Amino acid sequence: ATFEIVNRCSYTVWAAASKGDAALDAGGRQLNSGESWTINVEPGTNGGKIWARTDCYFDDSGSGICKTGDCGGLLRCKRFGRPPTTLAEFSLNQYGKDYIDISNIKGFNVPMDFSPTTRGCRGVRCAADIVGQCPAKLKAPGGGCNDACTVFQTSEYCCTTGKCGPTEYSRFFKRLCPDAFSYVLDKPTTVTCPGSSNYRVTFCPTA
């Protein structure tokens, strides 16, 4: 499946794509304002994610550091990134279907839209100005908005036991971005697409 990744922000981002223990395609690439990067992802990829990293520096060997979304100091990511990160999440060809969503469970750094480019389902969007409106205790000095699990580490925020509910902090994300997951056991906003769809992820989808 092809994913076209488009940077519509006014700043450079470093796109990253991984399934947790391996890179998807080249795993990572710089995208200046306006650039697109098409990648190919193996069918049957379960638990893939794509996200953006901000304010990065890499040397010639491709090692360095990012202010948000850092995946162990590498340009070409193999693991998931350090919160806060808005996440495009997907599982392909799962008993005939594709499953996509956007999650704020690890916070928010960049607004995003995640849509199929082929026929037969709708896309999702989390384009609100979450960073500007963040509650004081969740603001990341590093840039971006942390989720409450990262900041406080309690069973209730992390849904450690499998029995958590909504909280003052999860309700903040949900009010700004109703179509994204705001906590683990949130009522699903996953979209079901035909198996083998293609996709576009756009950073900063609106002016």
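Residues numbered from 1 in each chain as written, not as in the entry; some residues may be left out. Heavy atoms only, no water.

Per the PDB entry, the recorded name for the chain is Thaumatin I, and the organism is Thaumatococcus daniellii. As deposited in the PDB, this entry carries the title "Thaumatin by LB based Hanging Drop Vapour Diffusion after 18.1 MGy X-Ray dose at ESRF ID29 beamline (Worst Case)". Quoted verbatim from the Subcellular location heading of the UniProt record, the comment on the chain is "Cytoplasmic vesicle". (UniProt positions renumbered as here; feature names shortened; annotations may be inferred.)

Draft legend 1. View of the UniProt feature "disulfide bond" in the chain. The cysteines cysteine 56 and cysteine 66 carry a UniProt disulfide annotation, and their SG atoms are 2.2 Å apart, under the 2.5 Å mark, so the bond is there. Separated by 10 residues along the polypeptide, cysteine 56 in strand 5 (residues 48–58) and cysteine 66 in strand 6 (residues 64–68) bring together distant segments of the chain. When its relative accessible area of 4% is taken as the criterion, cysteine 56 is described as buried. (Disulfide = S-S within 2.5 Å. Helix = DSSP H or I, 4+ residues; strand = E, 2+ residues; numbered from the N terminus. Buried < 20%, exposed > 50% of the residue type's maximum accessible area, 1.4 Å probe, protein only.)

Draft legend 2. Spatial organisation of the sheet that holds strand 10 (residues 124–126). The sheet built from 5 strands is open, its strands ordered 4-1-12-9-10 with mixed pairing. The strands lining the two open edges of the sheet, one partner per strand, are strand 4 (36–40) and strand 10. Neighbour-to-neighbour, the strand axes of this sheet turn through a mean angle of 15 degrees, independent of strand direction. Bridge count between strand 1 (residues 2–7) and strand 4: 5 bridges; the pairing is antiparallel. (Pairing = 2+ DSSP bridges. Axes fitted to C-alpha atoms, helices over the stretch in contact; angles between N-to-C directions.)

Draft legend 3. Expanded view of the environment of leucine 87. For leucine 87, the position within the fold is in strand 7 (residues 87–94). Since its relative accessible area comes to 6%, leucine 87 is described here as buried. As for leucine 87 and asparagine 104, which are separated by 17 residues in sequence, their C-alpha atoms are 6.7 Å apart. Aside from chain neighbours lying at most four places away, what touches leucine 87 is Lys49, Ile50, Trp51, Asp101, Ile102, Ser103, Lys106 and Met112. (Contact = heavy atoms within 4.5 Å.)

Draft legend 4. Quick peek at the pairing of strand 2 (residues 13–18). Most of strand 2 sits inside the fold, with 6 of its 6 residues counted as buried. Taken together, the 5 bridges between strand 2 and strand 3 (residues 23–31) define a ladder with antiparallel strand orientation. The residue bridging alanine 16 from the neighbouring strand is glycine 28, located in strand 3. Sheet analysis places strand 2 next to strand 5, joined by 5 bridges and oriented antiparallel. When the sheet's bridge partners are listed, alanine 17 is paired in strand 5 with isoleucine 50.

Draft legend 5. The side chain of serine 18, seen in detail. Relative to the helices and strands, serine 18 resides in strand 2. From its side chain, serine 18 meets the backbone oxygen of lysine 78 in a polar contact 3.1 Å long. Not counting residues within four places of it along the chain, the set of residues in contact with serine 18 comprises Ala23, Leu24, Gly47, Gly48, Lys49, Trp51, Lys78, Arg79 and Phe80. (Polar contact = N/O pair within 3.5 Å; in protein donor to acceptor, adjacent residues only side chain to side chain.)

Draft legend 6. Region of the structure containing the state of the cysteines. Summed over all chains, the structure comprises 8 disulfides. Put simply, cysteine 71 and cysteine 77 are joined by a disulfide, and their sulfur atoms are 2.1 Å apart. A torsion of -80 degrees about the S-S bond marks the disulfide between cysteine 71 and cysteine 77 as left-handed. Assessed through its relative accessible area of 4%, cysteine 71 is described here as buried. Overall, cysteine 77 belongs to the buried group, its relative accessible area being 0%. Paired by a disulfide, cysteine 149 and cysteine 158 hold their sulfur atoms 2.1 Å apart. As the torsion about the S-S bond is roughly 100 degrees, the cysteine 149-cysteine 158 disulfide counts as right-handed. For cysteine 158, a relative accessible area of 22% translates into the label partly exposed.

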